[PDB]
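Residue numbers for the sequence shown follow the UniProt record's numbering, beginning at 2 and rising by one.
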Amino acid sequence: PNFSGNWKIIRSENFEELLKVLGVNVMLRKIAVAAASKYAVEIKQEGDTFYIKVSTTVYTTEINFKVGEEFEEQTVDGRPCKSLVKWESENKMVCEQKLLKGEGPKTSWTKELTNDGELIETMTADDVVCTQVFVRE
Ligand SMILES: *C/C=C(C)/C=C/C=C(C)/C=C/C1=C(C)CCCC1(C)C
């Protein structure tokens with residue numbers, strides 16, 4: 002597999018519903034949904050070490066991890082968490098998250114490379130799955 006690339010979003014589903022679960026009020030939900038239409042992902046993969054840069058028009062953030070080794074990032078709504086990524090198959094990985102402080106919904110994410118050259122990202126909070134699809138730039 003090689004997730005490496007510059008990915009641009011073509012589709013985003015259930016993002017507002019995910020943010021609702023996470024407690025975001027309606028006006029900021031709509032504003033966040035609009036910002037997601039400029040969501041871009043840059044990935045550099047070497048073996049099972051990943052460097053990922055998530056960006057929108059006004060914000061950018063870097064996630065660095067190795068499969069099977071705990072690291073710290075933040076949940077979608079911004080709370081700090083501890084994460085662990087594992088492979089599910091040749092071209093799909095899953096991340097489980099645990100809040101560093103307090104309680105909240107159970108969150109996770111996945112990344113998948115399809116046979117058609119798309120990148121599929123999902124983000125989950127409890128019952129609600131947001132799916133976002135990307136192509137290479
Ligand atoms: C492997 C990919 C990961 C861990 C992606 C993480 C992406 C996010 C936490 C995205 C968050 C967003 C918002 C909270 C509002 C603006 C739109 C997004 C999708 C960039």
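All C-beta atoms in this analysis are idealised placements derived from N, C-alpha and C, irrespective of residue type, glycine included.
Within a 10 Å sphere around the beta-carbon of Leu29 sit fewer than 16 other beta-carbons, which makes this residue exposed. Taking 8 Å as the cut-off, the Cβ atoms of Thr111 and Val136 do not count as close. Leaving aside the five residues that flank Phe16 on each side, the residues in its chain whose CB is nearer than 7 Å to its CB run, in chain order, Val34, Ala37, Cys131. In this structure the segment 17-27 does not touch the segment 58-68; the number of beta carbon pairs closer than 8 Å is below three. Unbroken beta strand (DSSP E) stretches of 3 residues or longer found wholly inside the segment 38-109: 41-47, 50-56, 61-67, 72-75, 81-90, 93-100, given in chain order. When rounded, the separation of the alpha-carbon atoms in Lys107 and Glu122 is 17 Å. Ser13 and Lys39 have their alpha carbons spaced roughly 11 Å apart.
For the pair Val42 and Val55, the Cα-to-Cα distance works out to about 5 Å. At least one heavy atom of ligand 1 falls within 7 Å of the beta-carbon of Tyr40.
Non-local C-beta neighbours of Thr76 in its own chain, meaning closer than 7 Å and more than five positions away in sequence, comprise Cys82, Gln98, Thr108, ordered along the chain.
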